[PDB]
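First up is the structure itself, then whatever we jot down about it.
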Amino acid sequence: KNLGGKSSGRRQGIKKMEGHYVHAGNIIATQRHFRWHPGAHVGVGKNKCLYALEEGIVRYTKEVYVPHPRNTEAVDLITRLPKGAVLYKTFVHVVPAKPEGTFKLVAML
Amino acid sequence: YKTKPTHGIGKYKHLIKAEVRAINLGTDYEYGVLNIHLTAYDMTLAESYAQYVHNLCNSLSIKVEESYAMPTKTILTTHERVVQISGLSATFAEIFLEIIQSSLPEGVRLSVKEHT
Amino acid sequence: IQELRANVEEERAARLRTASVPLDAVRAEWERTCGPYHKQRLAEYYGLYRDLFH
Amino acid sequence: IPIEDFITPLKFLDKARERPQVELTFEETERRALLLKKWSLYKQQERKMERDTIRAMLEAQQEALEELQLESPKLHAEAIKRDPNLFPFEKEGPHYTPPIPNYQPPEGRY
Amino acid sequence: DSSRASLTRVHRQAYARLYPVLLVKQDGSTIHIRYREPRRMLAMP
Amino acid sequence: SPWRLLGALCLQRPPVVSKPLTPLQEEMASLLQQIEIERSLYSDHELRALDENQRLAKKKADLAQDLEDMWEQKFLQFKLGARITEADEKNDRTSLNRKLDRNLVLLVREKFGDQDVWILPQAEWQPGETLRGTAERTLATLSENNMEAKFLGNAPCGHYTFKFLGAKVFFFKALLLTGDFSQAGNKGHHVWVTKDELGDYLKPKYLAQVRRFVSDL
RNA sequence: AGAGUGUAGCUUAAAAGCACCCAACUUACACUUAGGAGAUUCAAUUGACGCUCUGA
Ligand SMILES: [Mg+2]
Ligand SMILES: [Mg+2]
């Protein structure tokens, strides 16, 4: 009488751990619900996936969650906490390694 | 992560509560859910004092439930303004019910009616 | 600051959101008080101290 | 029955045409806004007097309940008791006058 | 402080032009109420 | 320690006559008037006080005033009782009708042998008599009138202890919902103090410190 | 008599930051917007004016 339920695992989770070198566009962490939020130099997909935006090193921090004011499912939560409470989520950053470019002499005009 | 010292840094639902008999249990004695009726024949003077007692419960930290009205009687309309109140101490049930009494503007009638 | 709130037409413009402040005059007073301490951030932010006085 | 009267009155739709002449003079808006300022200073102290008594009456009541406790420790268990006879409580607001003369006692009531 | 909550105005927008009518209930207890065609002294039997 | 078992009764009277406005309120009571008048729409009275007389000059191109001159003749008819039935008495401290816009506390003078001090009406209570009924035993021990008082609670207000044998005096509360002051010219000296006469008749720190819980307003 | 003392209501603030006032939208509250007032108790770390109590 129990049908269905045969779905395979979605293989979501951390692809690049902390300290791992990352190139631009490398998918950091595939997820279904927002478990790790995107930090510095990390973008989001439509399917909530985190991908690096610069070449650098993946770091996981705990940061203060301030949501967007136009997000009412998480602002009406924010206006319900007691007066000292502050939310925290874990964020994924990429501390970019290489600089953006160096000034090189091309000619002696 | 569970093995870590920062485990549960991000738990938040234990700071929200996401869901009456009088509380006189042994010594902690509080009133039940009161009703402060207010009545006059004016749309202003029935709402103006009932705006006051709400802001007085806000300043003096009393859990207000409701501020609704009763449907009028044809007798010229009767206006009723009912403020629900829970939470009174031993000490506070005097200082509330006097300054409430002593600040009624003009012929407006009071109540310490209750639930059901 | 008490005297300016004693002239009645001084707060005439203030409640019509239309009073003004002259920027030439604030400048030659700005460098009297905190114009030095504002230049300390600017010379710290522009990296002068970490390069020119080590 | 969840019936009330916070609806809009249905006869109030059509001929709203009395005073579009809503314009006010420039120095008159000074004193009007000078009064609404000086009333806004008025109610601040009109509140701060009441909030003074809401403490100053109060601290004695705890102090007396402390001065009831030490000398009479059986009996600060009944200063925290509650009265039942407040259930049809009432006080009418104050009036313009002591009520009346004897008589003349009339209205047609329709 | 029974002069506090009496300084007021009909806050509504769908409100008429009402006049400070004086009403006696039963025994000369006269109090102001906003009411039309100002009869300026009232009573009930 | 030996205490002389003596409570008291700070009675309150609710003033039934509302205080007249301050003129500082009255400029705003004049300003809250006109803003109520202008922001409205097409009232039923001026629909029949204006548009009739424009149609009546329209037939005159080819009544609500008798209403308006009759309804002023009921306000001039009914003689308003004054807020001021106080200056015609002006000494009548024995009457509950002495001050009408303010709240009143009873004060009966008595005499002791070792002291002689004006007092708030006392209560030599029994231990097995509760404290709350002791407040009810006070209205009905000396003045013997039928003042319809109701109460607040068994909380005290302020404990004052003049010792000689210790003391403790418990200042209670009551409200005059009504009062049948029979034999109003009693043998005693009951003085209805509004507020300012507490320093006129009660001198020390044990009776001019009652003031911190009387309704000032 | 004395002990403690004291920035506007609070400040392990040095003239501030919250509370607080009022008006407009709110059923009211709330939010927000427009506004509103506030203080170093005096005199050279210091001694005499105010409050709180210990006593009479
Ligand atoms: Mg499965
Ligand atoms: Mg499978």
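Order determines the names: the first chain of the structure tokens is A, the second B, and so forth; residues in each chain are numbered 1 upward, and ligands are numbered 1 upward as they are shown.
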
Which residues come within 12 Å of residue A:40, counting only C-alpha atoms (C1' of nucleotides), excluding same-chain residues fewer than 4 positions away, as a CSV table (one decimal) with N, CA and C atoms, in the first residue's frame?
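Full text of around_2.csv as output:
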```csv
chain,number,residue,atom,x,y,z
A,44,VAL,N,25.0,32.5,-5.4
A,44,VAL,CA,23.9,31.5,-5.2
A,44,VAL,C,23.3,31.2,-6.6
A,50,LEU,N,26.0,27.0,-3.9
A,50,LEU,CA,27.0,28.0,-3.7
A,50,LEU,C,28.1,27.7,-4.6
A,51,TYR,N,28.5,28.7,-5.3
A,51,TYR,CA,29.7,28.6,-6.2
A,51,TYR,C,30.6,29.8,-6.0
A,52,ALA,N,31.9,29.5,-6.1
A,52,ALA,CA,32.9,30.6,-5.9
A,52,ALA,C,32.8,31.6,-7.0
A,53,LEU,N,33.2,32.8,-6.7
A,53,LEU,CA,33.3,33.9,-7.6
A,53,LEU,C,34.7,34.4,-7.9
A,54,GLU,N,35.6,34.1,-7.0
A,54,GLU,CA,37.0,34.5,-7.2
A,54,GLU,C,37.9,33.3,-7.0
A,55,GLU,N,39.1,33.3,-7.5
A,55,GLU,CA,40.1,32.3,-7.1
A,55,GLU,C,40.6,32.5,-5.7
A,56,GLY,N,40.3,31.7,-4.8
A,56,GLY,CA,40.8,31.8,-3.5
A,56,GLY,C,40.6,30.6,-2.6
A,57,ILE,N,40.3,30.8,-1.4
A,57,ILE,CA,40.4,29.7,-0.4
A,57,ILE,C,39.1,29.8,0.4
A,58,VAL,N,38.4,28.6,0.5
A,58,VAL,CA,37.1,28.5,1.1
A,58,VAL,C,37.2,28.6,2.6
A,59,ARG,N,36.5,29.5,3.3
A,59,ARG,CA,36.5,29.6,4.7
A,59,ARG,C,35.0,29.6,5.2
A,60,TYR,N,34.8,29.0,6.3
A,60,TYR,CA,33.4,29.0,6.9
A,60,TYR,C,33.4,29.7,8.2
A,61,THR,N,32.6,30.7,8.3
A,61,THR,CA,32.5,31.6,9.5
A,61,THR,C,31.1,31.5,10.0
A,63,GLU,N,28.3,34.2,11.2
A,63,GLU,CA,28.0,35.7,11.0
A,63,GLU,C,26.7,36.0,11.5
A,91,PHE,N,28.4,31.0,7.1
A,91,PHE,CA,28.6,31.6,5.8
A,91,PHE,C,29.8,31.0,5.2
A,92,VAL,N,29.9,31.0,3.9
A,92,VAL,CA,31.0,30.5,3.1
A,92,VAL,C,31.6,31.6,2.4
A,93,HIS,N,32.9,31.9,2.6
A,93,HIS,CA,33.6,33.0,2.0
A,93,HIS,C,34.6,32.4,1.1
A,94,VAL,N,35.2,33.2,0.2
A,94,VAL,CA,36.3,32.9,-0.6
A,94,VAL,C,37.3,34.0,-0.4
A,95,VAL,N,38.3,33.9,0.3
A,95,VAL,CA,39.4,34.9,0.5
A,95,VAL,C,40.2,34.9,-0.8
A,96,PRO,N,40.1,35.9,-1.7
A,96,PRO,CA,40.7,35.7,-3.0
A,96,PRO,C,42.2,35.8,-2.9
```

Problem - Expected answer as JSON, numbers by chain: residues within 7 Å of ligand 2, only C-alpha atoms (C1' of nucleotides) and all ligand atoms - result: {"A": [6, 7, 8]}

Shell of 6 Å around stretch 17-34 of chain E, only C-alpha atoms (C1' of nucleotides), local chain residues under 4 positions omitted, as a PDB file with C-alpha atoms, in the first residue's frame:
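Output contents, as saved in selection-v5.pdb:
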```pdb
ATOM      1  CA  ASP B  42     -19.800  59.459  21.812  1.00  0.00           C
TER       2      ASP B  42
ATOM      3  CA  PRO D  99     -27.207  66.208  39.649  1.00  0.00           C
ATOM      4  CA  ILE D 100     -30.394  68.365  39.799  1.00  0.00           C
TER       5      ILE D 100
ATOM      6  CA  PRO E  38     -28.068  70.825  18.307  1.00  0.00           C
ATOM      7  CA  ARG E  40     -28.504  71.863  23.344  1.00  0.00           C
ATOM      8  CA  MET E  41     -30.444  70.468  26.322  1.00  0.00           C
ATOM      9  CA  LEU E  42     -31.789  66.900  26.522  1.00  0.00           C
ATOM     10  CA  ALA E  43     -33.472  64.401  28.879  1.00  0.00           C
ATOM     11  CA  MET E  44     -34.998  60.835  29.067  1.00  0.00           C
TER      12      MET E  44
ATOM     13  CA  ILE F  37     -15.698  70.636  11.498  1.00  0.00           C
ATOM     14  CA  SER F  40     -16.172  66.144   7.147  1.00  0.00           C
ATOM     15  CA  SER F  43     -23.956  66.771   6.705  1.00  0.00           C
TER      16      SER F  43
END
```

Handout entry: Contact set, chain E to chain F: 8 Å, only C-alpha atoms, as JSON, numbers by chain
Key = {"E": [1, 2, 3, 7, 8, 9, 10, 13, 14, 15, 16, 17, 18, 36, 37, 38, 39, 40, 41]}

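Residues within 7 Å of residue G:36, counting only C-alpha atoms (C1' of nucleotides) and excluding same-chain residues fewer than 5 positions away, are residues 37, 40 and 41 of chain D; 21 and 22 of chain G.
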
Exercise for the section: For chain B, work out the contacting residues on chain F at 7 Å, counting only C-alpha atoms, and write them as a PyMOL selection string. Expected result: chain F and resi 152-153+155

Would you output that residue set with C-alpha atoms, as a PDB file, in the first residue's frame?
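Once written, out.pdb looks like this:
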```
ATOM      1  CA  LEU F 152      -9.313  47.622  46.670  1.00  0.00           C
ATOM      2  CA  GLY F 153      -7.401  44.833  48.410  1.00  0.00           C
ATOM      3  CA  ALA F 155      -2.312  45.099  50.286  1.00  0.00           C
TER       4      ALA F 155
END
```

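Residues in contact range of residue F:203, defined as at most 12 Å between only C-alpha atoms (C1' of nucleotides), with sequence neighbours fewer than 6 positions away removed, read residues 117, 118, 119, 197, 209, 210 and 211 of chain F.
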
Handout entry: Secondary structure check, strand (DSSP E) residues of stretch 34-185 of chain F, as a ChimeraX atom specification
Key = /F:123-124,148-150,159-160,169-178

Exercise for the section: Identify, on the basis of only C-alpha atoms (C1' of nucleotides), every residue whose closest approach to residue D:71 does not exceed 12 Å; exclude the query and any residue fewer than 5 positions from it along the same chain; express the result as a count of residues only. Expected result: 12

Handout entry: Test item: chain D residues at most 8 Å from chain B, counting only C-alpha atoms, as a list in words
Key = residues 3, 4, 5, 54, 57, 58, 61, 62, 77, 79, 80, 81, 82, 86, 87, 88, 89, 90, 91, 92, 93, 94 and 95 of chain D

Practice task
For stretch 174-185 of chain F, list every protein, DNA or RNA residue within 7 Å, evaluated using only C-alpha atoms (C1' of nucleotides), and leave out those in the same chain fewer than 6 positions away; present the list as JSON, numbers by chain.
Solution key: {"F": [10, 11, 12, 13, 14, 95, 145, 146, 147, 148, 149, 150, 151, 152]}

Handout entry: Gap from atom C1' of residue G:40 to atom CA of residue F:212 - Å, one decimal
Key = 28.8 Å

Problem - Atom pair atom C1' of residue G:51 / atom CA of residue F:213: separation (Å) - result: 18.7 Å

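With atom CA of residue A:66 on one side and atom CA of residue A:89 on the other, the separation reads 9.7 Å.
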
Practice task
Select residues of chain B: the criterion is any atom within 8 Å of an atom of chain G, counting only C-alpha atoms (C1' of nucleotides); output as a ChimeraX atom specification.
Solution key: /B:51,54-55,67-68

Take the residues just selected and output them with C-alpha atoms as an mmCIF file, in the first residue's frame.
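Final output, saved to result-v4.cif:
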```cif
data_model
loop_
_atom_site.group_PDB
_atom_site.id
_atom_site.type_symbol
_atom_site.label_atom_id
_atom_site.label_comp_id
_atom_site.auth_asym_id
_atom_site.auth_seq_id
_atom_site.Cartn_x
_atom_site.Cartn_y
_atom_site.Cartn_z
ATOM 1 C CA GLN B 51 -6.874 54.354 23.566
ATOM 2 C CA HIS B 54 -4.151 50.381 26.176
ATOM 3 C CA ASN B 55 -1.151 52.721 26.164
ATOM 4 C CA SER B 67 -9.725 45.819 22.127
ATOM 5 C CA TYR B 68 -13.042 45.088 20.377
#
```

Would you mind listing, as a PDB file with N, CA and C atoms, in the first residue's frame, all residues of chain A that have at least one atom within 12 Å of chain G, where only C-alpha atoms (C1' of nucleotides) are what counts?
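Generated output (selection.pdb):
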```pdb
ATOM      1  N   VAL A  75      11.490  38.562   8.209  1.00  0.00           N
ATOM      2  CA  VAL A  75      11.538  39.816   8.953  1.00  0.00           C
ATOM      3  C   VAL A  75      10.574  39.769  10.124  1.00  0.00           C
ATOM      4  N   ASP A  76       9.388  39.214   9.907  1.00  0.00           N
ATOM      5  CA  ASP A  76       8.446  38.979  10.989  1.00  0.00           C
ATOM      6  C   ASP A  76       8.939  37.953  11.994  1.00  0.00           C
ATOM      7  N   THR A  79      11.434  40.441  14.005  1.00  0.00           N
ATOM      8  CA  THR A  79      10.700  41.272  14.942  1.00  0.00           C
ATOM      9  C   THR A  79      10.007  40.481  16.041  1.00  0.00           C
ATOM     10  N   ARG A  80      10.448  39.269  16.337  1.00  0.00           N
ATOM     11  CA  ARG A  80       9.842  38.460  17.379  1.00  0.00           C
ATOM     12  C   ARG A  80      10.831  37.999  18.424  1.00  0.00           C
TER      13      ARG A  80
END
```

Practice task
Please determine the contact residues of chain D with respect to chain G at a cut-off of 9 Å, counting only C-alpha atoms (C1' of nucleotides), and supply them as a ChimeraX atom specification.
Solution key: /D:6,36-45,47-48
